[PDB]
Amino acid sequence: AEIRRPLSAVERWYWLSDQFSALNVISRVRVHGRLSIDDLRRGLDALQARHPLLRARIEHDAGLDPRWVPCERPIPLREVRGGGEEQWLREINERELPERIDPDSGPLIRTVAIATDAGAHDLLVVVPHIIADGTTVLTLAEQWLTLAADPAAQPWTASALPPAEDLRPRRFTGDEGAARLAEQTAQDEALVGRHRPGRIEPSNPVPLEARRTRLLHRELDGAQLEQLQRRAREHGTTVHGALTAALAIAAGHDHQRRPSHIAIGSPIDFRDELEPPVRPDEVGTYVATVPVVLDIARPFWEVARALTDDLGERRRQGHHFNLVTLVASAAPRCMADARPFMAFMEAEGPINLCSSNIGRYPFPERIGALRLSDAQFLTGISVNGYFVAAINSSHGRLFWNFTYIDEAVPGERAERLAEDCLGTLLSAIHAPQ
């Protein structure tokens, strides 16, 4: 199986964004036990054979008509020989978020193994968003470790798939898909006019080519997560509602004009809705951001329930596929022509402030003789928005990784936002009933 075909329009959008400013998706996991770098290499060889998109590169004609062709280069593994407990954060902030992975040479993946001073390993999987979402980077980390450390595990190779947009239900394509997008667009414009929601506004102007994403890490322990889940269901909502409400509320407090409403995007996984469905162990990007105009001037749990109620209805109406339709219809042909669309998506698109939640990622606690912890993800932002929270529950905890565009969102501001999210959430969990 090999990838040989033009880039899809959505793929071309990610390809262009990444050229202005690196758009990498990253997973991290901690490994406890004896781990051979040779076994990690063995694992990467097998991972690359398995997945056609990990042995593909991009051919173009002076930036026109990009297409996938085979890549004969191996997946790189960078060793970091020593480090404290936060070395993984330093590698992400100083090297992996800001450095583009060259898709012309390929492959479109780079890994890191940090041998910590405490005798563990922190592994990073770094994949451009063109072929990865949070599920993709976590399943690749899991698969890598399984191939490295589990002799008993069943071998398999993956098919070369059509691009995501080509797998969409027919009702979301052609003239009907265009009609669906038109209906959502008029409704969303009406909500903006009705409610005047705030967005994240930059502290300082940063041109597209100067945009750099940085990361602030937060987490909840198992007991905090359990209480959150309990309180969420008692209030007719979910963990996603709580976390997303918390972020919208934080954005409201940070906003210069203290609006009553905040626009907030939620990337929706649509793997299961494609025809045929894409499995959670296959490579590619299969998420689309759905906006909600959220009234944040209400009791916390009402905000959370409003978010999940609205998002649920939007999902039933296929708003995630409508975004695919928009991008597939409007994605620029090349870098020279890309600025109008990027400016429109910047001013009007849903990814400005995003709560990107994959739910429970089923990362094993044990793989062969290894024990695993701290499996999580985070995403570069590039030109597509300003502030993103990446969420998953794994390994007994909930991870809440905030990425931001530096200078547009200064470090001090990012810190205030993250602290407010956590304080807001913890008040909701601990409020006396």
# chains A, B, ... in the order shown; residues from 1 in each chain; ligands from 1
call {"tool": "select_by_dssp", "arguments": {"residues": "segment 1-187 of chain A", "states": "helix (DSSP H, G or I)", "output": "PyMOL selection string"}}
result
chain A and resi 9-20+37-50+52-55+87-96+129-131+134-149+164-167+170-172+174-187
call {"tool": "residues_around", "arguments": {"residues": "residue 208 of chain A", "least_positions_apart": "4", "cutoff": "10 Å", "atoms": "only C-alpha atoms", "output": "VMD selection string"}}
result
chain A and resid 17 19 to 21 212 339 342 to 343 382 to 384
call {"tool": "residues_around", "arguments": {"residues": "residue 230 of chain A", "least_positions_apart": "5", "cutoff": "12 Å", "atoms": "only C-alpha atoms", "output": "PDB file with N, CA and C atoms, in the first residue's frame"}}
result
ATOM      1  N   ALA A 223      -8.700  11.488  41.465  1.00  0.00           N
ATOM      2  CA  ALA A 223      -9.769  11.824  42.394  1.00  0.00           C
ATOM      3  C   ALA A 223     -10.503  13.078  41.924  1.00  0.00           C
ATOM      4  N   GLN A 224      -9.750  14.061  41.423  1.00  0.00           N
ATOM      5  CA  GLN A 224     -10.372  15.262  40.886  1.00  0.00           C
ATOM      6  C   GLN A 224     -11.209  14.921  39.652  1.00  0.00           C
ATOM      7  N   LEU A 225     -10.668  14.077  38.761  1.00  0.00           N
ATOM      8  CA  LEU A 225     -11.422  13.647  37.591  1.00  0.00           C
ATOM      9  C   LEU A 225     -12.710  12.912  37.985  1.00  0.00           C
ATOM     10  N   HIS A 235     -25.308  17.372  36.772  1.00  0.00           N
ATOM     11  CA  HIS A 235     -25.798  18.595  36.133  1.00  0.00           C
ATOM     12  C   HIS A 235     -26.139  18.415  34.649  1.00  0.00           C
ATOM     13  N   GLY A 236     -26.288  17.166  34.209  1.00  0.00           N
ATOM     14  CA  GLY A 236     -26.749  16.912  32.857  1.00  0.00           C
ATOM     15  C   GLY A 236     -25.739  17.286  31.777  1.00  0.00           C
ATOM     16  N   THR A 237     -24.448  17.194  32.105  1.00  0.00           N
ATOM     17  CA  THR A 237     -23.411  17.519  31.148  1.00  0.00           C
ATOM     18  C   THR A 237     -22.260  16.545  31.300  1.00  0.00           C
ATOM     19  N   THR A 238     -21.137  16.926  30.715  1.00  0.00           N
ATOM     20  CA  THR A 238     -19.997  16.023  30.609  1.00  0.00           C
ATOM     21  C   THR A 238     -18.723  16.742  31.035  1.00  0.00           C
ATOM     22  N   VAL A 239     -17.634  15.991  31.132  1.00  0.00           N
ATOM     23  CA  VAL A 239     -16.312  16.552  31.340  1.00  0.00           C
ATOM     24  C   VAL A 239     -16.018  17.572  30.250  1.00  0.00           C
ATOM     25  N   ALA A 242     -17.619  20.855  31.061  1.00  0.00           N
ATOM     26  CA  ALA A 242     -16.962  21.521  32.176  1.00  0.00           C
ATOM     27  C   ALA A 242     -15.677  22.202  31.704  1.00  0.00           C
ATOM     28  N   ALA A 428     -15.874  24.700  40.497  1.00  0.00           N
ATOM     29  CA  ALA A 428     -17.065  23.972  40.103  1.00  0.00           C
ATOM     30  C   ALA A 428     -17.069  22.589  40.761  1.00  0.00           C
ATOM     31  N   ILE A 429     -15.913  21.938  40.849  1.00  0.00           N
ATOM     32  CA  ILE A 429     -15.814  20.555  41.416  1.00  0.00           C
ATOM     33  C   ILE A 429     -16.034  20.576  42.932  1.00  0.00           C
ATOM     34  N   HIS A 430     -15.567  21.615  43.610  1.00  0.00           N
ATOM     35  CA  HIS A 430     -15.543  21.641  45.063  1.00  0.00           C
ATOM     36  C   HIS A 430     -16.642  22.493  45.678  1.00  0.00           C
TER      37      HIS A 430
END
call {"tool": "residues_around", "arguments": {"residues": "residue 257 of chain A", "least_positions_apart": "6", "cutoff": "12 Å", "atoms": "only C-alpha atoms", "output": "mmCIF file with N, CA, C and O atoms, in the first residue's frame"}}
result
data_model
loop_
_atom_site.group_PDB
_atom_site.id
_atom_site.type_symbol
_atom_site.label_atom_id
_atom_site.label_comp_id
_atom_site.auth_asym_id
_atom_site.auth_seq_id
_atom_site.Cartn_x
_atom_site.Cartn_y
_atom_site.Cartn_z
ATOM 1 N N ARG A 196 -23.109 38.984 20.143
ATOM 2 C CA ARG A 196 -21.844 39.763 20.135
ATOM 3 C C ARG A 196 -20.726 39.039 20.886
ATOM 4 O O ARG A 196 -20.111 39.649 21.755
ATOM 5 N N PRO A 197 -20.424 37.768 20.557
ATOM 6 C CA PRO A 197 -19.441 37.039 21.362
ATOM 7 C C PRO A 197 -18.025 37.578 21.192
ATOM 8 O O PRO A 197 -17.638 37.987 20.097
ATOM 9 N N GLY A 198 -17.240 37.525 22.260
ATOM 10 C CA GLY A 198 -15.836 37.834 22.151
ATOM 11 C C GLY A 198 -15.047 36.646 21.608
ATOM 12 O O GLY A 198 -15.473 35.483 21.694
ATOM 13 N N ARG A 199 -13.871 36.970 21.075
ATOM 14 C CA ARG A 199 -12.862 36.035 20.608
ATOM 15 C C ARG A 199 -11.553 36.398 21.304
ATOM 16 O O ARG A 199 -11.462 37.431 21.971
ATOM 17 N N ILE A 200 -10.533 35.537 21.197
ATOM 18 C CA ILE A 200 -9.214 35.921 21.668
ATOM 19 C C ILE A 200 -8.667 36.965 20.708
ATOM 20 O O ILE A 200 -8.561 36.685 19.504
ATOM 21 N N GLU A 201 -8.288 38.120 21.269
ATOM 22 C CA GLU A 201 -7.733 39.233 20.497
ATOM 23 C C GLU A 201 -6.255 39.343 20.849
ATOM 24 O O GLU A 201 -5.903 39.284 22.027
ATOM 25 N N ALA A 251 -11.539 33.035 29.113
ATOM 26 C CA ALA A 251 -11.366 33.955 27.993
ATOM 27 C C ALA A 251 -12.196 35.209 28.243
ATOM 28 O O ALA A 251 -11.780 36.323 27.903
#
call {"tool": "atom_distance", "arguments": {"atom1": "atom CA of residue 426 of chain A", "atom2": "atom CA of residue 261 of chain A"}}
result
21.6 Å
call {"tool": "closest_atom_pairs", "arguments": {"of": "segment 348-433 of chain A", "to": "segment 78-94 of chain A", "cutoff": "12 Å", "atoms": "only C-alpha atoms", "output": "CSV"}}
result
residue,atom,partner,partner_atom,distance
A:374,CA,A:88,CA,11.5
A:376,CA,A:88,CA,11.8
A:377,CA,A:92,CA,11.1
A:378,CA,A:92,CA,9.5
A:379,CA,A:92,CA,10.4
A:380,CA,A:92,CA,10.1
A:401,CA,A:89,CA,10.8
A:402,CA,A:93,CA,11.9
A:403,CA,A:93,CA,9.9
A:404,CA,A:93,CA,10.9
A:405,CA,A:93,CA,11.6
A:406,CA,A:93,CA,10.9
call {"tool": "write_last_selection", "arguments": {"atoms": "N, CA and C atoms", "output": "CSV table (one decimal), in the first residue's frame"}}
result
chain,number,residue,atom,x,y,z
A,374,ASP,N,1.3,9.0,32.0
A,374,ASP,CA,1.4,10.4,31.5
A,374,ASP,C,1.2,10.5,30.0
A,376,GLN,N,-0.4,11.8,26.7
A,376,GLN,CA,-1.1,13.1,26.5
A,376,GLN,C,-0.7,13.6,25.1
A,377,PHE,N,-1.4,14.7,24.7
A,377,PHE,CA,-1.1,15.4,23.5
A,377,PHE,C,-1.2,16.9,23.6
A,378,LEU,N,-0.7,17.6,22.6
A,378,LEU,CA,-0.8,19.0,22.5
A,378,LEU,C,-0.7,19.4,21.0
A,379,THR,N,-1.1,20.6,20.6
A,379,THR,CA,-1.1,20.9,19.1
A,379,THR,C,-0.5,22.3,18.9
A,380,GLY,N,0.3,22.3,17.8
A,380,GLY,CA,0.6,23.6,17.3
A,380,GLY,C,-0.6,24.3,16.7
A,401,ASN,N,-3.5,20.5,28.2
A,401,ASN,CA,-2.3,21.1,27.6
A,401,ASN,C,-2.7,22.3,26.8
A,402,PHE,N,-2.3,23.5,27.3
A,402,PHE,CA,-2.6,24.8,26.6
A,402,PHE,C,-1.5,25.2,25.7
A,403,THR,N,-1.9,25.4,24.4
A,403,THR,CA,-0.9,26.0,23.5
A,403,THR,C,-1.4,27.4,23.1
A,404,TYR,N,-0.5,28.2,22.8
A,404,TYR,CA,-0.8,29.6,22.5
A,404,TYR,C,0.3,30.1,21.5
A,405,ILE,N,-0.1,31.2,20.8
A,405,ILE,CA,0.8,31.9,19.9
A,405,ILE,C,1.4,33.0,20.7
A,406,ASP,N,2.8,32.9,20.8
A,406,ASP,CA,3.5,33.8,21.6
A,406,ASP,C,3.4,35.2,21.1
call {"tool": "closest_residue", "arguments": {"among": "A:58, A:127, A:75, A:345", "to": "residue 23 of chain A", "atoms": "only C-alpha atoms"}}
result
A:127
call {"tool": "residues_around", "arguments": {"residues": "residue 323 of chain A", "least_positions_apart": "2", "cutoff": "8 Å", "atoms": "only C-alpha atoms", "output": "VMD selection string"}}
result
chain A and resid 181 288 to 290 319 to 321 325 to 327
